[PDB]
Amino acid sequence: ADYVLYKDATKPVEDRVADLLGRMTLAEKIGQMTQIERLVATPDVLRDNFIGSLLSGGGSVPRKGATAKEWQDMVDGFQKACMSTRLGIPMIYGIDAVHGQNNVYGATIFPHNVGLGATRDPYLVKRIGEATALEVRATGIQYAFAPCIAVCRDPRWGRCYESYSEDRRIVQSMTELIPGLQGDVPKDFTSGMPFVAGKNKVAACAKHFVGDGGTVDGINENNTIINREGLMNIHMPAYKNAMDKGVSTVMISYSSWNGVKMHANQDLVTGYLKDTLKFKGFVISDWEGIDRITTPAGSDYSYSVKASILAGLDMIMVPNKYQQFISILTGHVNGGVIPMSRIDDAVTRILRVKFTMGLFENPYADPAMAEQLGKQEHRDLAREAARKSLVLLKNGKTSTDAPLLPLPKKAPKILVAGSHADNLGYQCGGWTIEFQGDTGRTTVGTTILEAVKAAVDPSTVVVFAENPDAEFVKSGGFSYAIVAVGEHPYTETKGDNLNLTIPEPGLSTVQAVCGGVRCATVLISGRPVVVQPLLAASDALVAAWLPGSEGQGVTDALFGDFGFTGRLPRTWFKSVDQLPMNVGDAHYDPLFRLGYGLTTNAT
């Protein structure tokens, strides 16, 4: 009697989309296009404004320490409001699950993308995508703002750790995260269509379109000083591979191409991504991306709305001032400035993702999935990934020396030292707990010190000293030392030291330690950093990047349970005065070339 085609799960997605679109008011349409922060959401807001999507920005959590069920209850409360509208269109909830479900207490934290590039293992990255989707679904969230497929062309960029590599081929290969997060696409799949397999997978997001990784100094306020190819060659290809793997959404960059803000760039968003690549999912803004079309940002929000929607963006991450957005856009459509065809295209795309992913069939969280969060099998995977990410840069001071690594697990006494030896926040880096990352024990995990204590023979005495002086080392009777130092957590605009030198004490600790006993230096960083003084001091040196919560991945290689296999995914500069300097540069003069890495064999 009361049949409604869009609510019929047996019907084809396109039919469901069209049936629903055809019923919607303009307010219902513009609501779909609006994404708001949970911090501004209430049930009445969500219902009254027919809101399409919610997000947690970095650090936007229901409480410090919240359990998976607490996250599920939050998301469900929001969903129940949305399902109570006239049409009952479920909202999609997005979050930066960029190295695991990293805003959430107790989530597995995977290595950041630069370390994953070092692994040269696209199947590992697929499996990480699979584990990440389960952990995101543990918390009731259906949508992850990953992968970042930036090709970072200058390591001074404060997001360079979110790029798999300066080499776009490695970036292309690591687009295998997408079918991990979303499921593998059907055999006969059409490139550009969105895909999510169902309730145990999440929608993905290739970001930030396009050229976010491009120069100038290093990348980071910009711009892309490059030209067409440049584009087509360096910054664009991985978006094609994302289309081939059915990425559901694409997020637009704050940056500009050829002097046109990407958030206003009709030629690339509509002409290229939609009309040439045949992208059929939805295009989302970045956070206040549209505001930033103007200078200063936010100084003509009317124009920001007009320019971004006519450029072809589908959903706007407002994320706070929803009233202004909805009002202005309504005014533009009522005025004829933005045609209903454009609104209908936006809403078609949003609904196509939602129907395709099963959201109308499973709008609510699965309580049985809660135990996926921090699940030990996922931690085992993260440990594998961290170990594979490590690049051995030095293993002996001279060609006559015994290799230091692998270290013996049995020794009378050993020293673990350095600012980064017992600091889980530093080992995870940015985008962890959140947004900027943080220091100390911010989540469940294993520091380098705890990993050493868990590895060594019971007879081995392990002594920790954060910053020991030279005498302490010389008098301790140590067999060897593991010293861990490096970068503090950061991002694009915060904590990003463009001299690329590690904070002190870091070098001074390595010098004090290595001056007294054979040492293995573990460098924790988002990128290559000035290294020669650390190399000169150290017997062995390992670039561990930002390995995440599973510090036993580091000890697994240090003590020879597995061999070192990681290879540099970036060029290691001799000097910052060289930069930018990437593989293929005219004057390519690296300290270590892209692909460099020493190996060991398992003991």
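Counting begins at 1, following the sequence as shown.
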Quiz item: On average, are the C-alpha B-factors higher in 499-507 or in 242-250?
Solution: 499-507
Practice problem: Between 383-391 and 179-187, name whichever shows the higher mean Cα B factor according to the PDB entry. | Solution: 179-187
Quiz item: From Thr348, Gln427, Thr432, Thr295, which pick has the Cα B-factor that tops the rest in the entry?
Solution: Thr295
Quiz item: Which of these has the highest Cα B-factor in the record: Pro528, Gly129, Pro406, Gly516?
Solution: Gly516
Self-check item: Chain thirds of CA B-factor: placement of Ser163
Solution: lowest
Quiz prompt | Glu37 CA temperature factor, ranked by third within the chain | solution = lowest
Self-check item: Ranked against its chain, the third holding the CA B-factor of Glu288
Solution: middle
Quiz item: Which third of the chain holds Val171 when residues are ordered by C-alpha B factor: lowest, middle or highest?
Solution: middle
Quiz prompt | CA B-factor placement of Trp545, once the chain's modelled residues are sorted into thirds | solution = lowest
